[PDB]
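Take a look at this single chain, the form deposited without this ligand, given in structure tokens.
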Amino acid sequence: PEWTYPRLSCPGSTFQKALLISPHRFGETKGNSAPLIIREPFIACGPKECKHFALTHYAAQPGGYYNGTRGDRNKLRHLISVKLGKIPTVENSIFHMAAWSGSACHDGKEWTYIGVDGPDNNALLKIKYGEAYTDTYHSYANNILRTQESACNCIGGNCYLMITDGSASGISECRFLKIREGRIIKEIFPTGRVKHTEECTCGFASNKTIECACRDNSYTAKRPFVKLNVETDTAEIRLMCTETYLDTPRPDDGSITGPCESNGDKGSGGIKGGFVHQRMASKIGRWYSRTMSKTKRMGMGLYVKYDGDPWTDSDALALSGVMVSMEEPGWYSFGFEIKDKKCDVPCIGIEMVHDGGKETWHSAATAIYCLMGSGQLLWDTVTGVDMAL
């Protein structure tokens, strides 16, 4: 085969509901199935197939290992995948590696699978290229080394990946790695607004540039926004200037007072956010998602803006549609791209967590929406699960 490159995007001007993967529809006590207990789902596509990835707790519903299934980190956690369209069950899924933080991508020839493992103070990023484990990367701040929980991005064979290390409540200065046939050939140290960046959702703006919309878990409700030049291997981060704050929790739109870089208030905590590019011949669409509630992980709206500089443009993003109603859960979101025959189709995934607290099972559905045709986004998504079944 040949190395993948970003192409121009397929025709269209709205997103529509594509696909729901709700594995706990079949998790009943009175049923006969074994859906895997997961969180942090994401999707990544190669020239022939799309894979649906997740981090499992190594437990099924129904079952007896519900306890600890609300934590993030433990020695059983694993990166798993099914072909997108298959329900992620005990039998359908393939286990790639131990991990409580994850990424994966296809370079045109082969899959790269990334998983972070180990103790909180000395955790370890691990790289699998196909079947072969091929490299690692050590914790540099000794406080929960971490990666994206969404697809990495490859071009001409170089796959690019955000990592971060630091306190969830303080400084977490991310870096980027450049990975080629599964080995780290370069380290990139961003400049600019670097205080706290984690869970970057990234994609290609062009053959020169990768961008990402990230999460500040401590300081601000504005998403940190990465521009990485892949020709010089240099990166700069600044906050998104829009009044449409995309993190949760957040304050009311436009109420953060100051120039583009101000923080200011109700910006502790956060959430991973969907972000995807619509690349046209003389114009670029940036697509984003965020929660319907300003405070809780309920609902998910889709927004878009075409062109401008997100670092300096304070104008609202344009509401396109409600993807998940306020009455339904809306936790992490991510972007990804499907390869049609001659163009790329942008999409946004949504993690819909079934949360009853730590004294029952904790898992998620996944809702997908993608650019298709014209007009407005038309229908919303429900998980359909009753957690007591």
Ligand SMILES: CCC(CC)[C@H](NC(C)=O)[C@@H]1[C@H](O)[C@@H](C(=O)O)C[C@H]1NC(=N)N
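Quick note: we count residues from 1 along the sequence shown, nothing fancier.
The same protein also has a form deposited with this ligand bound, omitted here; what follows describes it.
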| query | finding |
| --- | --- |
| Binding-site state, shown form vs this ligand in the deposited complex, superposed, 3 or more atoms under 2.4 Å of backbone or C-beta | open |
| Heavy atom within 4.5 Å of this ligand in the deposited complex - the one residue of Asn153, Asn217, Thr242, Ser289 that qualifies | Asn217 |
| Residue among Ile80, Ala221, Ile144, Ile179 with a heavy atom within 4.5 Å of this ligand in the deposited complex | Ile144 |
| Non-hydrogen atom within 4.5 angstroms of this ligand in the deposited complex for each of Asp107, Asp135 and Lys186 | no |
| Contact flag, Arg73 vs this ligand in the deposited complex, heavy atom cut 4.5 Å | yes |
| 4.5 Å heavy atom contact, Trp100 and this ligand in the deposited complex | yes |
| Non-hydrogen atom contact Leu55 with this ligand in the deposited complex at 4.5 angstroms | yes |
| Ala168 within 4.5 Å of this ligand in the deposited complex, heavy atoms | yes |
| Stretch in contact in the deposited complex with this ligand, which is absent here, among 304-312, 83-91, 232-240, 195-203 (heavy atoms within 4.5 Å) | 195-203 |
